[PDB]
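For this one, two forms of the same chain are given in structure tokens, first as structure 1 and then as structure 2.
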Structure 1
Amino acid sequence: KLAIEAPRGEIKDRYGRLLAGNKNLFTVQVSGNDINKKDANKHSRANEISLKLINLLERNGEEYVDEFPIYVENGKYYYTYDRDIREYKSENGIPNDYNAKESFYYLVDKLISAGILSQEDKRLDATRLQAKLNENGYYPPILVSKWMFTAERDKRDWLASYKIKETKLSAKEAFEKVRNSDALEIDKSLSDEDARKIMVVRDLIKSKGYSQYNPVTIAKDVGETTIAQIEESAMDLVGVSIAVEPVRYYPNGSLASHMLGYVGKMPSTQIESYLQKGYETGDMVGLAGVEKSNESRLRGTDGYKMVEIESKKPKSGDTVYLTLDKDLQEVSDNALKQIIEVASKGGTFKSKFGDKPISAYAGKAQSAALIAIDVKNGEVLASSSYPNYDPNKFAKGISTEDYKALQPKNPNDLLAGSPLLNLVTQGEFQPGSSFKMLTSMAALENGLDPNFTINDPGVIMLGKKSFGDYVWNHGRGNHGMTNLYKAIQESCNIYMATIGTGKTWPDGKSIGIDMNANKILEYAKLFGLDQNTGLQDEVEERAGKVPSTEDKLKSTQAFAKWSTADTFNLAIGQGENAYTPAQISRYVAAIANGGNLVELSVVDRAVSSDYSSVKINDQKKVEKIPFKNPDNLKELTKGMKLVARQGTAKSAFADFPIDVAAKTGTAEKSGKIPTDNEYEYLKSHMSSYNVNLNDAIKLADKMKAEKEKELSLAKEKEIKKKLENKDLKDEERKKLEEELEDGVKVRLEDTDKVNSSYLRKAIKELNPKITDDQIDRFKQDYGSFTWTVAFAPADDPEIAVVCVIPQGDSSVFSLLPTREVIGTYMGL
């Protein structure tokens, strides 16, 4: 009884346009039984056919399967296992010296700094943490049980075959012991160059099947020349034949890359998982997006063949329809490619609705994210991340150059350089001035009269720390006489400060409406901003659960009131808590749809072989936000309409056919993006700081030793005070006593963090004038972004659009995408 693999199902748009599909290639297959067949001859024709075959392909310039885990880089023998380990570490700036356990938790500490995982995620069973990494699209090739790398277990087990119980480490030596193993029996009168072409084919065939099975593939795509060449020379090359094997293709390439996902090799760290699930070794599996989400559905139903006699025919995978409109997704992808392009070296944003001039460097931004949802039912109509990818690079499965060289980037700033990262579900950001409608919604529900106005000072002093409108921080801060509508309209932080705190702050604290942070954070929770969006079981979503009330207490003690200055920040978007575009989308959508919390969906329907369908996304929860008076939202949209026509977004929308509600979020630079190596950065610019390098190293090294001496002593003094405890168990004391004899040598960590902390210290001593800014002068700018959130047509809404350009500074950058995606939707 032999398994047949079903044709993989198709992924289509809401209207039936193909996004993921199949296409047939011509493959070379070798039957390991037939080539190793022996009878009267002393030796199998296996080795000769392997050589013949290859030499044929290398003549036709044809790419072949090479998984043989010893390669020669310019006459030097090396393990591929050994190479993949260090390639992984350098992939995300991990120190080579770092072991399996410290290489894993290092990846964790990065993603935790990037907001993808939380601090409570680290204090967590390591398999549940590998699950969280795995769920977000991270696959560290690390077995958490024995704290070792797959490549090592894989090397030991690969050497175990050919009965090499030697374990003596030598790539040059190992190459031989296998070459003349009882199992291979390769003739010695052949050079290790042509003798290695042999092993590629034999070692492959050996690995895939131990129990007799069906053929193995040695070329996945081969041209007309090498087809007819291998049919006519069939009797010469017994075992070698031409089959057809289907492959994954995405005709629109990079379109909806992140929602769609990719198929590729089964991830090394759970091959046993997939083999008990009934998978072959030579098998492609969805590893991201809907491809993985619906792996079981799209994989279809295996049909056996008897052991030719064809018994049970397979059943093709249900066709899965997304909620994405291709037409709109196209505009959304093209939009964001364009803003990043035109923003670099300057240009014009070309728009159906009026092209705009743009000059360079106002952002210096590499990334972008945008989402568009149906506000009634939470169906996602378009979802674009930049950087993105071609799912096709993976169909065949390149796993060295295209994968390594371009699929990650600088690991000390991954949000702006991870093409596999869906910034829309997985990238959290400080919501800027788009939070304001949450603050205003809280104030309204706690009595606020929208028409109440203030003579805007444009700045609030709180002991020579000044919280001011941007219009103040750049001149005289005044929005003159200012009610809620003008506050939302021109984005007055002073108005929001006053309503968020429930008191008139420049002149004491009174107001008479009773509003605090807890009430704002309440209205955060009500708009589902501490909640997963609905996409998490369909695509990669960063979990949105925010720290609990009792979980925040327990880390404080091992107070809980809100400062005025903090409340001020929280009111206007600045805050501990950061949120993803898809999260905001639900929040703005709730304004647009009259106070309903829609659960987002990307998978619409599946359609079986018998052309019947089912609606996957009709379980989705719509839920009446428990507002005191939902008519309060109509004052938000009254505000957000003025933003479009007269406000912060008139540049884009003022001369736009459709009534658009909108709010802009924008934040300026606040520091610098760290390097992958501080220490070397400081060495590279030692001259530029007017400091001798040798001297600075010799001093930094001195300053360290002096901190150690200091730590060492204060250690000795603690052990000795501890030893004066009258009643101390003898084992306890035998430990402390044995430290003082051989130990009392405290050492610093030897990190980039530590060794570079001390070098910067040495620099400032030998240049007593230089500033941190001047030292950090060469680094990229951190802490800037622009949000545009909008919904339309404002007076009877249908669609919400959220757009973010991180490291961007001009709200033009976010507005114009939003404006295209809304324009397109309404059929203009």
Structure 2
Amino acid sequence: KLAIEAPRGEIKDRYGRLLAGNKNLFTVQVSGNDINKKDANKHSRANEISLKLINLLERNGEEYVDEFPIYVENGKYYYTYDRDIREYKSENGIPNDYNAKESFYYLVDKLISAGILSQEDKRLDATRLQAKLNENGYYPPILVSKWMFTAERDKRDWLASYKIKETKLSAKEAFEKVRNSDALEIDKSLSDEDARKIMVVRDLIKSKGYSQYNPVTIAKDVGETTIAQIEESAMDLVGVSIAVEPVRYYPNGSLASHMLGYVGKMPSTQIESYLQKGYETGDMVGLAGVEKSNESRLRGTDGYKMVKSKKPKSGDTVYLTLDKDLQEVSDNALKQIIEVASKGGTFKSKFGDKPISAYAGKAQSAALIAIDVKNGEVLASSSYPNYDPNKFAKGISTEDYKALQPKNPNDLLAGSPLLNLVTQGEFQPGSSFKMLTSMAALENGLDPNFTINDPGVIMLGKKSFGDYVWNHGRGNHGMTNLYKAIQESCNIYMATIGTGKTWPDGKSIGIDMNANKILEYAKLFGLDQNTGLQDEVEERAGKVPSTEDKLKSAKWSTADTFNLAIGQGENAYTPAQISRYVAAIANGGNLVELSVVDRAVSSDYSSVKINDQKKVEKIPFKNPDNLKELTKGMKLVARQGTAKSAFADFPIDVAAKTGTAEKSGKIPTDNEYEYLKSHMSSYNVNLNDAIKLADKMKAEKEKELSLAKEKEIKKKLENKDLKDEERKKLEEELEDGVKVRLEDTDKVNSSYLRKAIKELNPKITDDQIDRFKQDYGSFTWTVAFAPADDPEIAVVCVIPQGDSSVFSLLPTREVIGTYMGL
């Protein structure tokens, strides 16, 4: 019974253009049996052929599998195992001199402090506590049982297999054992550079198991020269052969990488899982995006033979909803606005260029989605930075995935390229949320023409709330009704109808409006629900701030109402959510369930519409004609409002709202205590003096708590009728002396170091102490639907930390333009 693998189903675009398909490659395979069987010779020919093969490939410039666990970086021998531990610790802020148990709890402490666990949960059966981490999404490479790192155990089991049960820690000395090994018995005459090159092949073959099912692929892709010299030089290279193997390939490279996703190695965690589902070991699998969601479908139905014969059926071809041609525009447009904002320059546009400032340097990431407002079909979805799915095809999880794929600063809004910002970046909505505020107000009787003489600022607090024009110059909007409000983005107007009062001069207006009702409408526009993509691709949906979860643990502040009413406060939603919200305005008030997987076609050209059952459910508005006001305003934004700069001389009637959201405060560090330490000098304090003092403050608190604990125990002991067993426990506490200890978390250890800094420099502020941390920063937005009077397309474009609002409009214009067939 042999393993005949089915050809992987293709992924195509809406119109049938190949996005992901298969191609054949020449691999160099090596037979274990053949290379290292002997008859009369003491030594097999293995190490002689091994050394010959690598050198051959090396000369010809062929890339070859090298998963031998000891490397040479600068005459220094290092374990891959070990590098893997200390690289894991960096990415969580665990001090590299922490052992596995210490490393483990550090990660628990991390999440308790973060409101993900409780201080009580902190102690449990480690297995139950690991089970709490895993289901919660943190998989930390540690064996709870022996309190040791997986990759350290694997270092044991490797030295066990070459019968080196003596674990004196060594890399170069261990290399020699394995070289001069019983089971490999290399020539002592040879070079140490040559020996490793042999061990590469010898360890490959040895790691694949005892029974040695089939040959072993030593090089996954080779030129015409090698295939000649391996077939030619056949008499030397006994076990060596050429095979043809199919690989996955993405013709258009990184185009739509996140939606498509990628195939790679089974994550070793799950190998067991996949072998129970009937996969072979060498098999590649869907790891992200549609490649993963439709893994079963694309996998096909593989076949078998005996040879002591049934044909495999190929995977169904999966058609996405994306337009290959609209996707290119959106990927290219996002790529431009970041690379031009990098340094400086200008943005080229089929629809008339614009130069952009150089000092917009903080902007690294960006996202954009365009959907069919009638049926939720996702026509283009684009997140930057991104990745070439082709680099995972072969199975490069060792290094190049660790080199460039996870990124700064373990907060993904500016960071990792694997992240699909369109479905996984929760951002502050911005002022797009203003048509949502307005809708609810309109629906509580507001007259669009209600006009106010614009202060530019409310001074309800000691602190001030004001229009952007009033925050820069002494600003004003003057005579403002809803239409001018939406058109120039007046924040005051929005606060006033938000609260349904006038501040602070008259209080109530003719309408019953409040933060709860603003969130009631946010809910109705489906900002509380998953988009529809949740089961097609990786999505991390936002949640509408719960008014109910405030009460059960007073009401909403009338400055929590102000912010919330202009897309600030705890609002935080994916751009794909915002896409549905805007679609509902655009399509007369219908909440469309989004789709990115359109249909599938079998080998036998049978088809099926997958996005067939996608809810298009009518939002129960007290009067959907109200949505016509939101448009009327949104059109003025394009005609003579904030977005006039880009949309005024534009063939298409476009309804747009701009935005920019400032999220307050700093992004917390991996390790607060290390932070304070590494920044002590800049606070004009001495580390030793700071540390010493912090320890004194802790010892001072430990005493204070001991004294009180003592009083408490003595008081319990004064209680007559206190069953003996308890009286004995309370006595056994005291009987030695009570010595209370603070936990020795990072939250605690740091709390004191901070307190000590504040003493030793009595003028320094908290903000000054925290200046070196990353800012959550600003995010600049644009949402639009076209053509305004009979809309077909809704587009949403976010650039976190973009300078002007023009960065958001320019990709939204290119995409609108291209869709409309200009």
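Structure 1's sequence is the ruler for residue numbers, which start at 1. Think of the rigid core as the biggest set of C-alphas that the two forms share within 1.5 Å after superposition.
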Self-check item: Rigid-core fit between structures 1 and 2, the member of 629, 301, 609, 99 whose C-alpha shifts 2 angstroms or more
Solution: 99
Quiz item: After superposition on the rigid core, does the Cα atom of residue 792 shift by at least 2 Å between structures 1 and 2?
Solution: no
Quiz prompt | residue 485 C-alpha shift between structures 1 and 2 of 2 Å or more, rigid core reference | solution = no
Quiz item: Honestly, after the rigid core fit, is residue 223 moving at least 2 Å at Cα between structures 1 and 2?
Solution: yes
Quiz item: Once the two forms are fitted on their rigid core, how many angstrom does the CA of residue 400 move between structures 1 and 2?
Solution: 2.6
Quiz item: Taking the rigid core as the frame of reference, how far in Å is the Cα of residue 415 displaced between structures 1 and 2?
Solution: 2.0
Quiz item: Taking the rigid core as the frame of reference, how far in Å is the Cα of residue 109 displaced between structures 1 and 2?
Solution: 9.6
